[PDB]
Structure formats: C-alpha cells, structure tokens
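Asks: I am attaching a structure below and will ask some questions about it afterwards.
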Number of protein chains: 6
Amino acid sequence: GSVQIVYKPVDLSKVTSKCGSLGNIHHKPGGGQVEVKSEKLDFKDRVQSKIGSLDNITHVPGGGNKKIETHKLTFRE
Amino acid sequence: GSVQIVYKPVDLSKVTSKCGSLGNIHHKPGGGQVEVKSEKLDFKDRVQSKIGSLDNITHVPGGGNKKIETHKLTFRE
Amino acid sequence: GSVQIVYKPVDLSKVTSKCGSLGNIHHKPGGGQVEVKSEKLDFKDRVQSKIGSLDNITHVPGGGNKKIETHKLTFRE
Amino acid sequence: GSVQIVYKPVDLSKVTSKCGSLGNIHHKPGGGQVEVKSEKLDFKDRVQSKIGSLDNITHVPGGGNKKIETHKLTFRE
Amino acid sequence: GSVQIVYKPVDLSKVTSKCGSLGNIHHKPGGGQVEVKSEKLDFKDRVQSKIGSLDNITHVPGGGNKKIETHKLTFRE
Amino acid sequence: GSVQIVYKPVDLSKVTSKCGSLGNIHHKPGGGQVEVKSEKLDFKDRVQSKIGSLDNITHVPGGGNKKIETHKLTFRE
C-alpha cells in the first residue's frame with residue numbers, strides 16, 4: 001500500500017480601489033440616553049459582551065480592502 | 001507501506017488603494033448619558049467585556065488594507 | 001514503513017496604500033456622563049474587562065496596513 | 001369749582017404653602033446639539049434675545065409664592 | 001377753584017412658606033454641543049443678549065417668596 | 001387757586017420662610033462644548049451681552065426672599 005497527496009493551490013488575485021477625493025464628511029450626533037439594570041453575570045468560554053454603550057465612530061479609510069485566505073489540510077490514516 | 005505529502009500553496013496577491021485627498025472630516029458629538037447598575041460579575045476563560053462606555057473614534061487611515069492568510073496542516077497516523 | 005512530509009508555502013504578496021494628503025480632521029466632542037454601580041467582580045483566566053470609560057480617539061495613520069500570516073504544522077504518529 | 005379724590009384700597013391677603021418633604025428629584029439629561037447660523041443682527045429699544053442655548057435648570061424652591069400688587073392713579077385737569 | 005387729593009393705600013399682606021426638608025436633589029447633566037456662526041451685531045438702547053451658552057443651574061432656595069408692590073401717582077394740571 | 005396733595009401709603013407686609021433642613025444637593029455636570037464665530041460687535045446705550053459661556057451655578061440659599069417696593073410721585077403744574 002501507498003498514499004500520495006499533492007497540494008498546489010496557485011493564485012494571483014488583485015484587489016484595487018482607485019479613488020479621487022473623500023470630500024466633506026460630517027458626523028454630528030446629539031448624544032442620547034442609555035440605562036442598563038442587571039444583577040448577575042456569569043460568563044465562561046470565549047464570551048464577548050457589551051453592556052451599556054454610547055459610542056460614535058467615524059471610520060473613513062482612504063480605501064479599505066481585505067483579502068481573507070485560509071488553506072486547510074487534515075490527513076487521517 | 002509508505003505515505004508522502006507535498007505542500008506548496010504558491011500565491012502572489014496584491015492589495016492596492018490609490019487615493020487623492022481625504023478632505024474635511026468632522027466628528028462633532030454632544031456626549032450623552034450612560035448608567036449601568038449591576039451586582040455580580042463572574043468571568044472565566046477568554047472573556048472580553050465592556051460595561052458602561054461612552055467612546056468616540058475618528059479612525060481616518062490614509063488607506064487601510066488587511067490581508068489575512070493561514071496555512072494549516074494536521075497529520076494523524 | 002516510512003513517512004515523508006515537505007512544507008514549502010512560497011508567497012510574495014504586496015500591500016500598498018498610495019495617498020495624497022490627509023487634509024483637515026476635526027474630532028471635537030462635548031464629553032457626556034457615565035455611571036457604573038457594581039458590587040462584586042471575580043475574574044479568572046484571560047479576562048479583558050473595561051468598566052466605566054469615556055475615551056476619545058483620533059487615529060489618523062498616514063496609511064495603515066496589516067498582513068497577518070500563520071503557518072501551522074502538527075504531526076501525530 | 002372744586003374736585004376732591006380719596007384713594008384708600010385697604011387689603012389683607014395671605015398666601016401660604018404648608019409642605020412636608022420635597023423628596024427625590026432627579027434631573028439627569030444627556031445634552032443634545034444646537035447650531036445657529038446668522039449674518040446680521042440689528043437690535044434697538046428694549047430687545048431681549050437668546051441665540052443658541054443649551055441650558056438646564058433645577059428650580060426646586062421649598063415653597064415659592066409671588067404677590068404682585070400695583071396701584072396707579074393718573075389725574076388730568 | 002381748588003383741587004385736593006388723598007392717597008392712603010393701607011395694606012398688610014403676609015407671604016409664608018412653612019416647609020419640612022428639601023431632601024435629595026440631583027442635577028446630573030452630560031453637556032451637549034452649541035455652535036453659533038454670526039457676522040455683525042449692532043445693539044443699541046437697553047439690549048439684553050445671550051449668544052451661545054451652555055449653562056446649568058441648581059436653584060434650591062429653602063423657601064423663595066417675592067412681593068412686588070408699586071405705587072404710582074401722576075398729577076397733570 | 002390752590003392745589004393740595006397728601007401721600008401716606010402705610011404698609012406692614014411680612015415675608016417668611018420657615019424651613020427644616022436643605023438636605024443633599026448634587027450638581028454634577030460633564031461640561032459640553034460651545035463655539036461662537038463672530039466678526040463685528042457695535043454696542044451702545046445700556047447693552048448687556050453674553051457671548052460664549054459655559055457656566056454652572058449651585059444657588060442654595062437657606063431661604064431667599066425679596067420685597068420690591070417703589071413709590072413714585074410726579075407733579076406737573
């Protein structure tokens with residue numbers, strides 16, 4: 001008996017974002033009101049929690065581009 | 001018996017973000033009001049918590065670009 | 001019996017962010033009001049907590065670019 | 001000829017405000033956003049103006065009572 | 001000819017404000033945002049102006065009481 | 001001819017403010033943001049102006065009481 005595996009995922013992918021001018025951006029908010037009333041909080045194993053938040057975000061990238069690329073290979077004899 | 005594995009994921013991927021000018025960005029907020037009333041907080045094993053927050057963010061990258069790239073290989077005889 | 005493994009993930013990936021001028025950025029906030037009322041906090045094993053925060057961020061990188069790249073290889077006979 | 005005038009407005013008026021306890025008063029506002037854009041302002045002769053205001057008032061008198069009382073007498077021969 | 005005038009406005013008016021306890025007063029505001037953009041301001045003759053204001057007031061008199069009382073007499077022969 | 005005037009406005013007015021305890025007063029504000037942009041300001045003859053102000057007031061009199069009382073008499077022959 002004999003097993004043989006080859007793995008050659010060749011790739012050449014271009015992500016582009018040609019852009020002129022981003023111009024005038026106004027993020028002008030009049031902050032409201034948040035109330036949270038809890039008693040008990042038991043968190044375990046990869047918990048991500050957000051409890052009571054008033055957050056403002058001006059995310060202005062001059063071109064934002066993500067390439068995600070995973071290669072998995074599991075061998076079980 | 002004989003097992004043989006080759007692993008050659010070849011890649012050449014370009015991420016680009018040509019940009020002129022980012023211009024005028026105004027992030028002008030009038031901060032609100034946050035109240036949290038808790039009693040007990042038991043956290044364990046990779047907990048990420050945010051309790052009561054009033055946060056303002058001007059994230060202006062002059063071109064932001066992420067390439068994520070994972071290569072995994074698990075061999076089980 | 002004989003096992004043989006080769007591992008040659010060759011790569012040449014370019015991340016670029018050509019940019020003119022970042023211009024005028026104004027982050028002008030009128031700070032609000034945060035109240036947190038807790039009693040007990042038991043944290044254990046890789047806890048990240050933020051309790052009661054009023055934070056302001058002007059993150060203006062002149063081009064910010066991240067490349068994440070992990071290579072994993074687990075062999076089990 | 002002869003003119004004669006008498007003026008005797010007699011009065012005894014009581015204003016009262018018997019009160020126990022004023023208790024818990026909460027004035028908890030999350031301040032908003034006011035913008036005024038003008039060019040020219042010509043004011044004359046007993047002008048009272050308020051231009052662009054974000055004001056908060058906790059007026060808690062422990063009994064507030066006003067008595068206004070005017071006596072006018074104009075004689076024209 | 002003969003003119004005769006008498007002026008005897010007699011008065012005995014009591015203003016009262018019996019009160020126990022003023023208690024807990026909370027004036028807790030998260031300050032907002034005011035912008036005024038003008039060019040020209042010509043004021044004359046008893047002008048009262050307020051241009052761009054963010055003001056907070058806790059007026060807690062332990063009993064506030066006003067009595068206004070005017071007596072006018074104009075004689076024209 | 002003969003003119004005769006008498007002026008005897010007799011008065012005995014009491015203002016009172018009996019009070020126990022003023023208690024707990026909290027004036028806790030998170031200061032906002034005021035911007036005024038003007039060019040020209042020509043004021044004349046009893047002008048009262050307030051331009052751009054962020055003011056906080058805890059006025060807690062232990063009983064505040066005003067009596068205003070004017071007596072006017074104009075004679076024109």
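Note on naming: chains are A, B, ... as they come in the structure tokens, residues start from 1 per chain, ligands start from 1 in the order shown.
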Near segment 31-36 of chain B, within 9 Å and counting only C-alpha atoms, which residues show up once chain neighbours fewer than 3 positions away are dropped, as a ChimeraX atom specification?

Replies: /A:29-38,51-54 /B:51-54 /C:29-38,52 /D:28-32 /E:29-33 /F:30,32

Asks: Since chain E and chain D share a sequence, can you fit the second onto the first over all C-alpha atoms in order and output it as a CSV table (one decimal) with N, CA, C and O atoms, in the first residue's frame?

Replies:
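Produced file superposed_18.csv, reproduced below:
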```
chain,number,residue,atom,x,y,z
D,1,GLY,N,-61.3,128.2,42.3
D,1,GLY,CA,-61.0,126.8,42.1
D,1,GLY,C,-60.1,126.2,43.1
D,1,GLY,O,-59.2,126.9,43.7
D,2,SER,N,-60.2,124.9,43.4
D,2,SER,CA,-59.4,124.1,44.3
D,2,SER,C,-59.4,122.6,44.1
D,2,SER,O,-60.5,122.1,44.0
D,3,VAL,N,-58.3,122.0,44.0
D,3,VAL,CA,-58.2,120.5,43.8
D,3,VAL,C,-57.5,120.0,45.1
D,3,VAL,O,-56.6,120.6,45.7
D,4,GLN,N,-58.0,118.8,45.6
D,4,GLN,CA,-57.5,118.1,46.8
D,4,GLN,C,-57.5,116.6,46.6
D,4,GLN,O,-58.5,116.1,46.2
D,5,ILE,N,-56.3,116.0,46.7
D,5,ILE,CA,-56.1,114.5,46.6
D,5,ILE,C,-55.5,113.9,47.9
D,5,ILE,O,-54.6,114.5,48.5
D,6,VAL,N,-56.1,112.8,48.3
D,6,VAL,CA,-55.6,112.0,49.4
D,6,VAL,C,-55.2,110.6,48.8
D,6,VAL,O,-55.8,110.1,47.8
D,7,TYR,N,-54.1,110.0,49.3
D,7,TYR,CA,-53.5,108.8,48.9
D,7,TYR,C,-53.1,107.9,50.1
D,7,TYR,O,-52.0,108.2,50.7
D,8,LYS,N,-54.0,107.0,50.5
D,8,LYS,CA,-53.7,106.2,51.7
D,8,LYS,C,-53.9,104.6,51.4
D,8,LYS,O,-54.7,104.0,52.2
D,9,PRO,N,-53.2,104.0,50.4
D,9,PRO,CA,-53.4,102.6,50.2
D,9,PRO,C,-52.7,101.8,51.4
D,9,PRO,O,-51.5,101.7,51.4
D,10,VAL,N,-53.5,101.5,52.4
D,10,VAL,CA,-53.1,100.8,53.5
D,10,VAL,C,-53.2,99.3,53.2
D,10,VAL,O,-54.0,98.9,52.4
D,11,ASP,N,-52.2,98.5,53.6
D,11,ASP,CA,-52.1,97.0,53.3
D,11,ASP,C,-51.3,96.3,54.3
D,11,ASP,O,-50.4,96.8,55.0
D,12,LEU,N,-51.7,95.0,54.6
D,12,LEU,CA,-50.9,94.1,55.5
D,12,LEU,C,-51.1,92.7,55.0
D,12,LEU,O,-52.0,91.9,55.4
D,13,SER,N,-50.2,92.4,54.0
D,13,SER,CA,-50.3,91.1,53.3
D,13,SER,C,-49.1,90.2,53.7
D,13,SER,O,-48.0,90.6,53.5
D,14,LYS,N,-49.4,89.0,54.2
D,14,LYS,CA,-48.3,88.1,54.6
D,14,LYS,C,-48.1,86.9,53.6
D,14,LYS,O,-49.1,86.3,53.1
D,15,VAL,N,-46.9,86.8,53.1
D,15,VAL,CA,-46.5,85.6,52.3
D,15,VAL,C,-45.6,84.6,53.2
D,15,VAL,O,-44.6,85.0,53.7
D,16,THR,N,-46.1,83.4,53.2
D,16,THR,CA,-45.4,82.4,54.1
D,16,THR,C,-45.2,81.1,53.3
D,16,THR,O,-45.8,80.9,52.3
D,17,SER,N,-44.2,80.3,53.8
D,17,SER,CA,-43.7,79.1,53.1
D,17,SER,C,-43.1,78.1,54.1
D,17,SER,O,-41.9,77.8,54.2
D,18,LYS,N,-44.0,77.6,55.0
D,18,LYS,CA,-43.6,76.6,56.0
D,18,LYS,C,-43.3,75.3,55.3
D,18,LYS,O,-44.0,74.9,54.3
D,19,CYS,N,-42.1,74.7,55.6
D,19,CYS,CA,-41.6,73.5,54.9
D,19,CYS,C,-40.7,72.7,55.8
D,19,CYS,O,-40.0,73.2,56.6
D,20,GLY,N,-40.8,71.3,55.5
D,20,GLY,CA,-40.0,70.3,56.3
D,20,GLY,C,-38.6,70.3,55.8
D,20,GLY,O,-37.8,71.1,56.1
D,21,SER,N,-38.4,69.2,55.0
D,21,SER,CA,-37.0,69.0,54.4
D,21,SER,C,-37.0,69.0,52.9
D,21,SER,O,-37.8,68.4,52.2
D,22,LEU,N,-35.9,69.6,52.3
D,22,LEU,CA,-35.8,69.7,50.9
D,22,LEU,C,-35.4,68.4,50.2
D,22,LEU,O,-35.7,68.2,49.0
D,23,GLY,N,-34.7,67.5,51.0
D,23,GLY,CA,-34.4,66.1,50.5
D,23,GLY,C,-33.3,66.1,49.5
D,23,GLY,O,-32.4,67.0,49.4
D,24,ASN,N,-33.3,65.0,48.7
D,24,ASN,CA,-32.2,64.7,47.7
D,24,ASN,C,-32.5,65.2,46.4
D,24,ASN,O,-33.5,64.9,45.7
D,25,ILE,N,-31.6,66.2,45.9
D,25,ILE,CA,-31.8,66.8,44.6
D,25,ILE,C,-30.5,66.5,43.8
D,25,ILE,O,-29.4,66.8,44.2
D,26,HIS,N,-30.7,65.9,42.6
D,26,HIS,CA,-29.6,65.5,41.7
D,26,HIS,C,-29.8,66.2,40.4
D,26,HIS,O,-30.9,66.1,39.8
D,27,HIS,N,-28.9,67.0,40.0
D,27,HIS,CA,-28.8,67.7,38.7
D,27,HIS,C,-27.6,67.2,38.1
D,27,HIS,O,-26.5,67.8,38.3
D,28,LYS,N,-27.7,66.2,37.2
D,28,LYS,CA,-26.6,65.4,36.7
D,28,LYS,C,-26.6,65.4,35.2
D,28,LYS,O,-27.0,64.4,34.6
D,29,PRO,N,-26.2,66.6,34.5
D,29,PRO,CA,-26.3,66.5,33.0
D,29,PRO,C,-25.0,66.3,32.3
D,29,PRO,O,-23.9,66.7,32.7
D,30,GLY,N,-25.1,65.6,31.1
D,30,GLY,CA,-23.9,65.3,30.3
D,30,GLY,C,-23.9,66.3,29.1
D,30,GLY,O,-24.6,66.1,28.2
D,31,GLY,N,-23.0,67.3,29.3
D,31,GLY,CA,-23.0,68.6,28.5
D,31,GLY,C,-23.0,68.3,27.0
D,31,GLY,O,-22.1,67.7,26.5
D,32,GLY,N,-23.9,69.0,26.3
D,32,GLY,CA,-24.0,68.8,24.8
D,32,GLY,C,-23.1,69.7,24.0
D,32,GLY,O,-21.9,69.8,24.3
D,33,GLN,N,-23.6,70.2,22.9
D,33,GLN,CA,-22.8,71.0,21.9
D,33,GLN,C,-23.5,72.2,21.3
D,33,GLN,O,-24.5,72.0,20.5
D,34,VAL,N,-23.0,73.4,21.5
D,34,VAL,CA,-23.6,74.6,20.9
D,34,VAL,C,-22.6,75.3,19.9
D,34,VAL,O,-21.5,75.6,20.3
D,35,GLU,N,-23.1,75.6,18.7
D,35,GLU,CA,-22.3,76.4,17.7
D,35,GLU,C,-23.1,77.5,17.2
D,35,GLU,O,-24.3,77.3,16.7
D,36,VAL,N,-22.6,78.8,17.3
D,36,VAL,CA,-23.2,80.0,16.7
D,36,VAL,C,-22.2,80.6,15.7
D,36,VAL,O,-21.1,80.8,16.1
D,37,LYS,N,-22.7,80.8,14.5
D,37,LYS,CA,-21.9,81.5,13.5
D,37,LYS,C,-22.6,82.8,13.0
D,37,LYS,O,-23.6,82.7,12.3
D,38,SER,N,-22.2,83.9,13.5
D,38,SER,CA,-22.7,85.2,13.1
D,38,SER,C,-21.6,86.1,12.4
D,38,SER,O,-20.5,85.6,12.3
D,39,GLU,N,-22.0,87.2,11.9
D,39,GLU,CA,-21.0,88.2,11.3
D,39,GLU,C,-21.1,89.6,12.0
D,39,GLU,O,-20.1,90.2,12.3
D,40,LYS,N,-22.3,90.1,12.1
D,40,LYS,CA,-22.5,91.5,12.5
D,40,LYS,C,-23.5,91.7,13.6
D,40,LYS,O,-24.6,91.1,13.6
D,41,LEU,N,-23.2,92.5,14.6
D,41,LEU,CA,-24.1,92.7,15.8
D,41,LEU,C,-24.1,94.2,16.2
D,41,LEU,O,-23.1,94.6,16.9
D,42,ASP,N,-25.2,94.9,15.8
D,42,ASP,CA,-25.3,96.2,16.2
D,42,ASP,C,-26.5,96.4,17.2
D,42,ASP,O,-27.6,96.2,16.9
D,43,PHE,N,-26.1,96.6,18.5
D,43,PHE,CA,-27.1,96.7,19.5
D,43,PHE,C,-27.1,98.1,20.1
D,43,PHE,O,-26.0,98.8,20.2
D,44,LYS,N,-28.3,98.5,20.5
D,44,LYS,CA,-28.5,99.9,21.0
D,44,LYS,C,-29.8,100.0,21.8
D,44,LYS,O,-30.7,99.3,21.6
D,45,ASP,N,-29.7,100.8,22.9
D,45,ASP,CA,-30.9,101.2,23.8
D,45,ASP,C,-31.5,99.9,24.5
D,45,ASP,O,-32.4,99.3,24.0
D,46,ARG,N,-30.9,99.7,25.7
D,46,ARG,CA,-31.4,98.6,26.6
D,46,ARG,C,-31.6,97.2,26.0
D,46,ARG,O,-32.6,96.6,26.0
D,47,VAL,N,-30.5,96.8,25.3
D,47,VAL,CA,-30.5,95.4,24.7
D,47,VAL,C,-29.9,94.5,25.7
D,47,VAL,O,-28.9,94.7,26.4
D,48,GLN,N,-30.6,93.3,25.9
D,48,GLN,CA,-30.1,92.2,26.7
D,48,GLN,C,-30.0,90.9,25.8
D,48,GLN,O,-31.0,90.4,25.3
D,49,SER,N,-28.7,90.5,25.5
D,49,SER,CA,-28.5,89.4,24.5
D,49,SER,C,-27.7,88.3,25.1
D,49,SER,O,-26.8,88.5,26.0
D,50,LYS,N,-28.0,87.1,24.7
D,50,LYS,CA,-27.2,85.9,25.1
D,50,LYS,C,-27.0,85.1,23.9
D,50,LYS,O,-27.9,84.6,23.2
D,51,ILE,N,-25.7,85.0,23.5
D,51,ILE,CA,-25.3,84.4,22.2
D,51,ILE,C,-24.4,83.2,22.5
D,51,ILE,O,-23.2,83.4,22.9
D,52,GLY,N,-24.9,82.0,22.4
D,52,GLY,CA,-24.1,80.8,22.6
D,52,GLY,C,-23.8,80.5,24.0
D,52,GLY,O,-22.8,81.0,24.5
D,53,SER,N,-24.6,79.7,24.7
D,53,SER,CA,-24.5,79.4,26.1
D,53,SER,C,-24.9,78.0,26.5
D,53,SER,O,-26.0,77.5,26.1
D,54,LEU,N,-24.1,77.4,27.3
D,54,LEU,CA,-24.4,76.0,27.9
D,54,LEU,C,-24.3,76.1,29.4
D,54,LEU,O,-23.2,76.0,30.0
D,55,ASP,N,-25.4,76.5,30.0
D,55,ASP,CA,-25.4,76.8,31.4
D,55,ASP,C,-26.3,75.9,32.2
D,55,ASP,O,-27.4,75.6,31.8
D,56,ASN,N,-25.9,75.5,33.4
D,56,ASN,CA,-26.6,74.6,34.3
D,56,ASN,C,-26.8,75.3,35.6
D,56,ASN,O,-25.9,75.9,36.1
D,57,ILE,N,-28.1,75.2,36.1
D,57,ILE,CA,-28.5,75.9,37.3
D,57,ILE,C,-29.2,75.0,38.3
D,57,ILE,O,-30.2,74.3,37.9
D,58,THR,N,-28.7,74.9,39.5
D,58,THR,CA,-29.4,74.3,40.6
D,58,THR,C,-29.8,75.4,41.6
D,58,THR,O,-29.0,75.8,42.5
D,59,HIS,N,-31.0,75.9,41.4
D,59,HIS,CA,-31.6,76.9,42.2
D,59,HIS,C,-32.5,76.2,43.3
D,59,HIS,O,-33.6,75.8,43.0
D,60,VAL,N,-31.9,76.0,44.4
D,60,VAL,CA,-32.7,75.3,45.5
D,60,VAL,C,-32.8,76.3,46.7
D,60,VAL,O,-32.1,76.2,47.7
D,61,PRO,N,-33.8,77.3,46.6
D,61,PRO,CA,-34.0,78.1,47.8
D,61,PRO,C,-34.8,77.3,48.9
D,61,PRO,O,-35.7,76.6,48.5
D,62,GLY,N,-34.4,77.5,50.1
D,62,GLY,CA,-35.2,76.9,51.2
D,62,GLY,C,-36.4,77.8,51.5
D,62,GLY,O,-36.5,78.4,52.6
D,63,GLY,N,-37.3,78.0,50.5
D,63,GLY,CA,-38.4,78.9,50.5
D,63,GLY,C,-38.0,80.2,49.9
D,63,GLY,O,-37.1,81.0,50.4
D,64,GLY,N,-38.5,80.5,48.7
D,64,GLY,CA,-38.3,81.7,48.0
D,64,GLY,C,-39.6,82.4,47.7
D,64,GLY,O,-40.5,81.8,47.2
D,65,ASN,N,-39.7,83.6,48.1
D,65,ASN,CA,-41.0,84.4,48.0
D,65,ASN,C,-40.8,85.8,47.8
D,65,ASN,O,-40.1,86.5,48.5
D,66,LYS,N,-41.5,86.3,46.7
D,66,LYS,CA,-41.4,87.7,46.3
D,66,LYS,C,-42.6,88.4,46.4
D,66,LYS,O,-43.7,87.9,46.0
D,67,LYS,N,-42.6,89.6,46.9
D,67,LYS,CA,-43.7,90.5,46.9
D,67,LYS,C,-43.3,91.7,46.1
D,67,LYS,O,-42.3,92.4,46.5
D,68,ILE,N,-43.9,92.0,45.0
D,68,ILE,CA,-43.7,93.2,44.2
D,68,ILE,C,-44.8,94.2,44.5
D,68,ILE,O,-46.0,93.7,44.7
D,69,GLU,N,-44.5,95.4,44.8
D,69,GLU,CA,-45.5,96.4,45.2
D,69,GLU,C,-45.1,97.9,44.7
D,69,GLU,O,-44.3,98.5,45.3
D,70,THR,N,-45.8,98.3,43.6
D,70,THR,CA,-45.6,99.7,43.1
D,70,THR,C,-46.8,100.6,43.4
D,70,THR,O,-47.9,100.2,43.2
D,71,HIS,N,-46.4,101.8,43.8
D,71,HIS,CA,-47.5,102.9,43.9
D,71,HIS,C,-47.1,104.1,43.1
D,71,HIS,O,-46.0,104.7,43.3
D,72,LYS,N,-47.9,104.3,42.1
D,72,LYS,CA,-47.7,105.4,41.1
D,72,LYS,C,-48.8,106.5,41.3
D,72,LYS,O,-50.0,106.2,41.4
D,73,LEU,N,-48.4,107.8,41.2
D,73,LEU,CA,-49.3,108.9,41.2
D,73,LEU,C,-48.8,110.1,40.3
D,73,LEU,O,-47.8,110.8,40.7
D,74,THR,N,-49.4,110.2,39.2
D,74,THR,CA,-49.1,111.3,38.2
D,74,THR,C,-50.2,112.4,38.2
D,74,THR,O,-51.4,112.1,38.0
D,75,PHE,N,-49.8,113.7,38.5
D,75,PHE,CA,-50.7,114.8,38.5
D,75,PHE,C,-50.4,115.7,37.4
D,75,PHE,O,-49.3,116.3,37.3
D,76,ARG,N,-51.4,116.0,36.6
D,76,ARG,CA,-51.3,116.9,35.4
D,76,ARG,C,-52.4,118.0,35.5
D,76,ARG,O,-53.6,117.7,35.4
D,77,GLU,N,-51.9,119.2,35.8
D,77,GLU,CA,-52.8,120.4,35.9
D,77,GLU,C,-53.2,120.9,34.5
D,77,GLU,O,-52.8,122.0,34.1
```

Asks: Run DSSP on the backbone and grab whatever in chain E lands in strand (DSSP E); send it over as number ranges by chain.

Replies: E: 2-5, 19-21, 25-27, 33-37, 40-44, 48-53, 56-59, 64-76
